[PDB]
>>> print(open('final36.cif').read())   # mmCIF, N, CA, C and O atoms
data_protein
#
loop_
_atom_site.label_atom_id
_atom_site.label_comp_id
_atom_site.auth_asym_id
_atom_site.auth_seq_id
_atom_site.Cartn_x
_atom_site.Cartn_y
_atom_site.Cartn_z
N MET A 1 -146.72 -13.25 -284.49
CA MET A 1 -146.57 -12.88 -285.91
C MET A 1 -146.91 -14.08 -286.78
O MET A 1 -148.10 -14.38 -286.93
N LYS A 2 -145.94 -14.79 -287.37
CA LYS A 2 -146.23 -15.98 -288.18
C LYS A 2 -146.87 -17.08 -287.34
O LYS A 2 -146.67 -17.13 -286.12
N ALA A 3 -147.66 -17.93 -287.99
CA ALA A 3 -148.26 -19.15 -287.48
C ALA A 3 -147.81 -20.32 -288.35
O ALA A 3 -147.08 -21.19 -287.92
N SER A 4 -148.39 -20.37 -289.56
CA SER A 4 -148.82 -21.55 -290.28
C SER A 4 -149.66 -22.42 -289.37
O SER A 4 -150.88 -22.41 -289.50
N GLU A 5 -149.04 -23.04 -288.39
CA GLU A 5 -149.59 -24.13 -287.59
C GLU A 5 -150.88 -23.64 -286.91
O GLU A 5 -151.96 -24.19 -287.10
N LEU A 6 -150.80 -22.50 -286.24
CA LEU A 6 -151.89 -21.92 -285.47
C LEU A 6 -153.05 -21.38 -286.31
O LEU A 6 -154.09 -21.06 -285.74
N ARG A 7 -152.89 -21.20 -287.62
CA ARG A 7 -153.98 -20.97 -288.54
C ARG A 7 -154.35 -22.22 -289.34
O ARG A 7 -155.36 -22.20 -290.04
N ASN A 8 -153.51 -23.25 -289.30
CA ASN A 8 -153.59 -24.44 -290.14
C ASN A 8 -154.54 -25.49 -289.57
O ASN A 8 -155.06 -26.29 -290.35
N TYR A 9 -154.80 -25.48 -288.26
CA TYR A 9 -155.81 -26.31 -287.66
C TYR A 9 -157.18 -26.01 -288.29
O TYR A 9 -157.34 -24.99 -288.97
N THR A 10 -158.16 -26.90 -288.13
CA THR A 10 -159.51 -26.66 -288.63
C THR A 10 -160.27 -25.75 -287.66
O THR A 10 -159.85 -25.63 -286.51
N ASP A 11 -161.39 -25.13 -288.04
CA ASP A 11 -162.06 -24.12 -287.21
C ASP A 11 -162.44 -24.66 -285.82
O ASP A 11 -162.50 -23.88 -284.87
N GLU A 12 -162.66 -25.97 -285.70
CA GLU A 12 -162.99 -26.69 -284.48
C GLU A 12 -161.75 -26.96 -283.61
O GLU A 12 -161.81 -26.90 -282.39
N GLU A 13 -160.62 -27.30 -284.23
CA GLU A 13 -159.34 -27.42 -283.55
C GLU A 13 -158.82 -26.05 -283.11
O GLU A 13 -158.40 -25.87 -281.98
N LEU A 14 -158.87 -25.06 -284.01
CA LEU A 14 -158.35 -23.72 -283.82
C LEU A 14 -158.95 -23.14 -282.55
O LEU A 14 -158.21 -22.79 -281.64
N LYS A 15 -160.28 -23.06 -282.45
CA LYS A 15 -160.92 -22.63 -281.22
C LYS A 15 -160.41 -23.43 -280.05
O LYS A 15 -159.99 -22.82 -279.09
N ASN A 16 -160.39 -24.75 -280.13
CA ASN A 16 -160.07 -25.60 -278.99
C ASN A 16 -158.62 -25.49 -278.53
O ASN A 16 -158.30 -25.93 -277.43
N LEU A 17 -157.77 -24.84 -279.32
CA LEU A 17 -156.35 -24.64 -278.98
C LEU A 17 -156.16 -23.21 -278.50
O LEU A 17 -155.48 -22.94 -277.51
N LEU A 18 -156.73 -22.27 -279.25
CA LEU A 18 -156.52 -20.87 -279.02
C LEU A 18 -157.33 -20.44 -277.79
O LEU A 18 -156.85 -19.58 -277.04
N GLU A 19 -158.47 -21.09 -277.56
CA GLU A 19 -159.17 -21.01 -276.29
C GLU A 19 -158.25 -21.44 -275.15
O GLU A 19 -158.23 -20.78 -274.12
N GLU A 20 -157.48 -22.52 -275.35
CA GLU A 20 -156.72 -23.18 -274.31
C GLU A 20 -155.64 -22.24 -273.78
O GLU A 20 -155.55 -22.03 -272.58
N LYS A 21 -154.88 -21.60 -274.66
CA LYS A 21 -153.94 -20.55 -274.35
C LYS A 21 -154.69 -19.44 -273.62
O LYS A 21 -154.34 -19.15 -272.48
N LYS A 22 -155.69 -18.79 -274.24
CA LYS A 22 -156.41 -17.70 -273.57
C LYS A 22 -156.84 -18.06 -272.15
O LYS A 22 -156.54 -17.26 -271.26
N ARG A 23 -157.49 -19.21 -271.91
CA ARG A 23 -157.82 -19.65 -270.56
C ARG A 23 -156.55 -19.82 -269.75
O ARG A 23 -156.44 -19.16 -268.73
N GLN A 24 -155.58 -20.62 -270.20
CA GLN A 24 -154.40 -21.03 -269.47
C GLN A 24 -153.75 -19.86 -268.79
O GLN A 24 -153.48 -19.95 -267.60
N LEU A 25 -153.53 -18.75 -269.49
CA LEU A 25 -152.90 -17.60 -268.85
C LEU A 25 -153.70 -17.17 -267.63
O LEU A 25 -153.14 -16.98 -266.54
N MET A 26 -155.00 -16.99 -267.82
CA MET A 26 -155.89 -16.57 -266.75
C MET A 26 -155.98 -17.62 -265.64
O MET A 26 -156.21 -17.26 -264.48
N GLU A 27 -155.80 -18.91 -265.93
CA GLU A 27 -155.97 -19.98 -264.93
C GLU A 27 -154.67 -20.13 -264.15
O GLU A 27 -154.66 -20.37 -262.95
N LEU A 28 -153.55 -19.96 -264.83
CA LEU A 28 -152.23 -20.01 -264.25
C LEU A 28 -152.08 -18.87 -263.26
O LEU A 28 -151.73 -19.11 -262.10
N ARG A 29 -152.41 -17.63 -263.64
CA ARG A 29 -152.40 -16.53 -262.65
C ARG A 29 -153.33 -16.85 -261.47
O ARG A 29 -152.97 -16.54 -260.34
N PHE A 30 -154.46 -17.50 -261.72
CA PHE A 30 -155.38 -17.97 -260.70
C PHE A 30 -154.75 -19.07 -259.83
O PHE A 30 -155.12 -19.18 -258.66
N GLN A 31 -153.78 -19.85 -260.31
CA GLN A 31 -153.21 -20.94 -259.56
C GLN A 31 -152.18 -20.36 -258.61
O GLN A 31 -152.06 -20.84 -257.49
N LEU A 32 -151.46 -19.34 -259.04
CA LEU A 32 -150.48 -18.61 -258.23
C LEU A 32 -151.19 -17.87 -257.11
O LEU A 32 -150.86 -18.02 -255.93
N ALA A 33 -152.19 -17.07 -257.49
CA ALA A 33 -153.03 -16.26 -256.63
C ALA A 33 -153.70 -17.09 -255.54
O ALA A 33 -154.09 -16.54 -254.51
N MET A 34 -153.87 -18.39 -255.76
CA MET A 34 -154.12 -19.34 -254.72
C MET A 34 -152.82 -19.77 -254.03
O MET A 34 -152.55 -19.34 -252.91
N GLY A 35 -152.03 -20.61 -254.70
CA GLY A 35 -150.72 -21.06 -254.25
C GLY A 35 -150.38 -22.44 -254.78
O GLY A 35 -149.97 -23.32 -254.02
N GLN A 36 -150.54 -22.64 -256.09
CA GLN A 36 -150.39 -23.91 -256.79
C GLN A 36 -149.30 -23.75 -257.85
O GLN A 36 -148.26 -24.41 -257.80
N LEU A 37 -149.50 -22.83 -258.79
CA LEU A 37 -148.49 -22.43 -259.78
C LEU A 37 -147.30 -21.81 -259.05
O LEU A 37 -147.50 -21.12 -258.04
N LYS A 38 -146.07 -22.03 -259.54
CA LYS A 38 -144.85 -21.52 -258.92
C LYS A 38 -143.79 -21.04 -259.92
O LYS A 38 -142.97 -20.20 -259.55
N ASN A 39 -143.78 -21.53 -261.17
CA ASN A 39 -142.84 -21.07 -262.20
C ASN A 39 -143.40 -19.85 -262.92
O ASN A 39 -144.28 -19.96 -263.77
N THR A 40 -142.93 -18.65 -262.58
CA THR A 40 -143.47 -17.43 -263.16
C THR A 40 -142.88 -17.11 -264.54
O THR A 40 -143.53 -16.39 -265.31
N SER A 41 -141.70 -17.64 -264.89
CA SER A 41 -141.19 -17.55 -266.25
C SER A 41 -142.16 -18.23 -267.21
O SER A 41 -142.44 -17.70 -268.28
N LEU A 42 -142.74 -19.36 -266.79
CA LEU A 42 -143.68 -20.11 -267.62
C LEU A 42 -144.88 -19.21 -267.90
O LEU A 42 -145.21 -19.03 -269.06
N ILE A 43 -145.48 -18.58 -266.88
CA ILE A 43 -146.55 -17.60 -267.11
C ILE A 43 -146.10 -16.55 -268.15
O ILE A 43 -146.84 -16.25 -269.07
N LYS A 44 -144.90 -15.99 -268.02
CA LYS A 44 -144.44 -14.85 -268.81
C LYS A 44 -144.26 -15.18 -270.28
O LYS A 44 -144.56 -14.36 -271.15
N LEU A 45 -143.77 -16.38 -270.56
CA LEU A 45 -143.73 -17.04 -271.85
C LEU A 45 -145.14 -17.33 -272.33
O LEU A 45 -145.47 -17.08 -273.49
N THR A 46 -145.98 -17.81 -271.43
CA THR A 46 -147.33 -18.20 -271.75
C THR A 46 -148.05 -16.94 -272.23
O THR A 46 -148.63 -16.99 -273.30
N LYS A 47 -147.89 -15.76 -271.62
CA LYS A 47 -148.44 -14.49 -272.12
C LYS A 47 -148.04 -14.17 -273.55
O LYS A 47 -148.86 -13.61 -274.27
N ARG A 48 -146.78 -14.38 -273.94
CA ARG A 48 -146.33 -13.95 -275.27
C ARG A 48 -147.18 -14.67 -276.30
O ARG A 48 -147.69 -14.08 -277.25
N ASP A 49 -147.33 -15.96 -276.06
CA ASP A 49 -147.98 -16.88 -276.95
C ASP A 49 -149.48 -16.80 -276.75
O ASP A 49 -150.20 -16.84 -277.73
N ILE A 50 -150.00 -16.56 -275.55
CA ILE A 50 -151.40 -16.20 -275.37
C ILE A 50 -151.69 -15.05 -276.27
O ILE A 50 -152.66 -15.12 -277.00
N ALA A 51 -150.86 -14.01 -276.22
CA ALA A 51 -151.11 -12.83 -276.99
C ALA A 51 -151.08 -13.19 -278.46
O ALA A 51 -152.05 -12.89 -279.13
N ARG A 52 -150.05 -13.89 -278.97
CA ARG A 52 -150.01 -14.33 -280.36
C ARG A 52 -151.22 -15.17 -280.75
O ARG A 52 -151.93 -14.83 -281.69
N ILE A 53 -151.46 -16.27 -280.06
CA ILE A 53 -152.61 -17.15 -280.24
C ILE A 53 -153.96 -16.42 -280.16
O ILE A 53 -154.77 -16.52 -281.08
N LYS A 54 -154.26 -15.70 -279.09
CA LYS A 54 -155.55 -15.05 -278.94
C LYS A 54 -155.71 -13.92 -279.97
O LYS A 54 -156.83 -13.65 -280.42
N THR A 55 -154.60 -13.31 -280.42
CA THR A 55 -154.55 -12.47 -281.60
C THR A 55 -154.90 -13.27 -282.84
O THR A 55 -155.70 -12.77 -283.61
N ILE A 56 -154.33 -14.47 -283.07
CA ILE A 56 -154.66 -15.28 -284.24
C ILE A 56 -156.18 -15.42 -284.32
O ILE A 56 -156.73 -15.14 -285.37
N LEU A 57 -156.83 -15.80 -283.21
CA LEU A 57 -158.29 -15.90 -283.19
C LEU A 57 -158.89 -14.57 -283.65
O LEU A 57 -159.60 -14.58 -284.64
N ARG A 58 -158.51 -13.44 -283.04
CA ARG A 58 -158.99 -12.11 -283.44
C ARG A 58 -158.83 -11.91 -284.95
O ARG A 58 -159.81 -11.62 -285.62
N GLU A 59 -157.63 -12.07 -285.48
CA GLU A 59 -157.30 -11.88 -286.89
C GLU A 59 -158.24 -12.73 -287.76
O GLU A 59 -158.72 -12.26 -288.80
N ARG A 60 -158.55 -13.95 -287.32
CA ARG A 60 -159.44 -14.86 -288.03
C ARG A 60 -160.89 -14.40 -287.99
O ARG A 60 -161.62 -14.67 -288.93
N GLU A 61 -161.31 -13.69 -286.94
CA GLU A 61 -162.65 -13.12 -286.82
C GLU A 61 -162.87 -12.11 -287.95
O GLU A 61 -163.86 -12.24 -288.68
N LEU A 62 -162.02 -11.08 -288.11
CA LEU A 62 -162.36 -9.97 -289.00
C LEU A 62 -162.19 -10.29 -290.48
O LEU A 62 -162.72 -9.56 -291.32
N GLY A 63 -161.35 -11.26 -290.83
CA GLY A 63 -160.96 -11.49 -292.21
C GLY A 63 -159.45 -11.35 -292.46
O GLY A 63 -159.03 -11.44 -293.61
N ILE A 64 -158.63 -11.09 -291.44
CA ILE A 64 -157.20 -10.91 -291.57
C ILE A 64 -156.51 -12.26 -291.84
O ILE A 64 -155.38 -12.28 -292.32
N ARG A 65 -157.16 -13.38 -291.53
CA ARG A 65 -156.63 -14.75 -291.65
C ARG A 65 -157.69 -15.67 -292.26
O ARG A 65 -157.89 -16.79 -291.76
N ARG A 66 -158.31 -15.19 -293.34
CA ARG A 66 -159.40 -15.77 -294.11
C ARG A 66 -160.24 -16.69 -293.25
O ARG A 66 -161.03 -16.15 -292.45
#
>>> encode(input="final36.cif", output="structure tokens")
Amino acid sequence: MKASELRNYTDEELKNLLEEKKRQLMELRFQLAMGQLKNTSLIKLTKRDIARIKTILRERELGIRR
């Protein structure tokens, strides 16, 4: 929902952060699916914020976040 911070970065920072969340979720599931990642609460938290963050990027694409 709210950001400030996650919309407040510059377009170059914003991508480089919101990309990081979007990848991280997918890479963390990939680390488990191998056998490296072990804290699954961290993944589950990481999804909430992946979803918020990767939504922020979406919202910024159409004009919802100027």
>>> closest_residue(input="final36.cif", among="A:29, A:22, A:7, A:15", to="residue A:54", atoms="only N, CA, C and O atoms")
A:22
>>> closest_residue(input="final36.cif", among="A:3, A:51, A:42, A:56", to="residue A:28", atoms="only C-alpha atoms")
A:42
>>> atom_distance(input="final36.cif", atom1="atom O of residue A:59", atom2="atom C of residue A:10")
13.6 Å
>>> atom_distance(input="final36.cif", atom1="atom N of residue A:2", atom2="atom N of residue A:27")
24.0 Å
>>> atom_distance(input="final36.cif", atom1="atom CA of residue A:52", atom2="atom CA of residue A:31")
22.1 Å
>>> resolve_selection(input="final36.cif", expression="the PyMOL selection byres (((chain A and resi 43 and name CA) around 10) and name CA)", output="list in words")
residues 24, 25, 26, 27, 28, 29, 32, 37, 38, 39, 40, 41, 42, 44, 45, 46, 47, 48, 49 and 50 of chain A
>>> select_by_dssp(input="final36.cif", residues="chain A", states="alpha helix (DSSP H)", output="MDAnalysis selection string")
chainID A and resid 5:8 11:34 40:62
>>> resolve_selection(input="final36.cif", expression="the PyMOL selection byres (((chain A and resi 65 and name CA) around 12) and name CA)", output="list in words")
residues 1, 2, 3, 4, 6, 7, 8, 11, 55, 56, 57, 58, 59, 60, 61, 62, 63, 64 and 66 of chain A
>>> axis_aligned_box(input="final36.cif", around="stretch 16-32 of chain A", padding_each_side="6 Å", output="lines of an AutoDock Vina configuration file")
center_x = -155.4
center_y = -21.2
center_z = -268.0
size_x = 21.9
size_y = 21.4
size_z = 36.2
